[PDB]
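One chain follows as structure tokens, the form deposited in one PDB entry.
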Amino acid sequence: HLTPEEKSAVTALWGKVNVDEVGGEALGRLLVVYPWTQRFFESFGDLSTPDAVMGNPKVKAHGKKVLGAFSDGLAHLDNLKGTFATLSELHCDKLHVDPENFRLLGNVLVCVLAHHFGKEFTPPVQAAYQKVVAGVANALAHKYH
């Protein structure tokens, strides 16, 4: 459902992402911006301030891990494949995360990318990423359907 030019805009930016750092930034901002999400990470320790959250080692450690090898191909096009069944089960059946948070975190990642790439994160490049965040979000909510 991505056109070649959307896949292009997505892959050429992702190419330049420090995947080791953007996951931590994204998760951290989620915890800081939507503080109800801290609920699901009370085992991470100190989330008491912005500085505590963004400097928390488990935050950064969890961010890097998840956002990790999600790369050459990523999201969908990984030579077929790439489904979220087991993650939907985890996030819906086990954790009971409202799927709205899947949309929020996608929006935060988009904010992170815009921050890191500035002028390069153009309106068309953003539109392409919005479809990916919508696609991922919907996939993770498959059990709520």
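Note that residue numbering follows the sequence shown and begins at 1. Each form is matched to the other, and the largest set of C-alpha atoms that superpose within 1.5 Å is called the rigid core.
- In this crystal structure, the stretch out of 95-103 and 42-50 whose C-alpha atoms carry the higher mean B factor is 42-50.
- Checked against the record, the higher mean CA B factor of 119-127 and 17-25 lies with 17-25.
- Comparing C-alpha B-factors across 77, 33, 113, 87 in the deposited entry, the largest value falls on 77.
- Ranked within its chain, residue 59 lands in the middle third, by CA B factor from the PDB record.
One more form of this protein exists, namely the form deposited in another entry; it is left out here, but the text below deals with it.
- When both forms sit on the same rigid core, the CA shifts between this form and the one not shown reach 2 angstroms or more only at 68 out of 118, 68, 57, 35.
- For residue 46, a C-alpha deviation below 2 angstroms is recorded between this form and the one not shown after rigid-core alignment.
- Annotation: residue 131/residue 79 CA-CA distance shorter in the other form than in the displayed model, change of at least 3 Å.
- Relative to the shown form, the CA atoms of residue 138 and residue 79 are brought 3 Å or more closer together in the other form.
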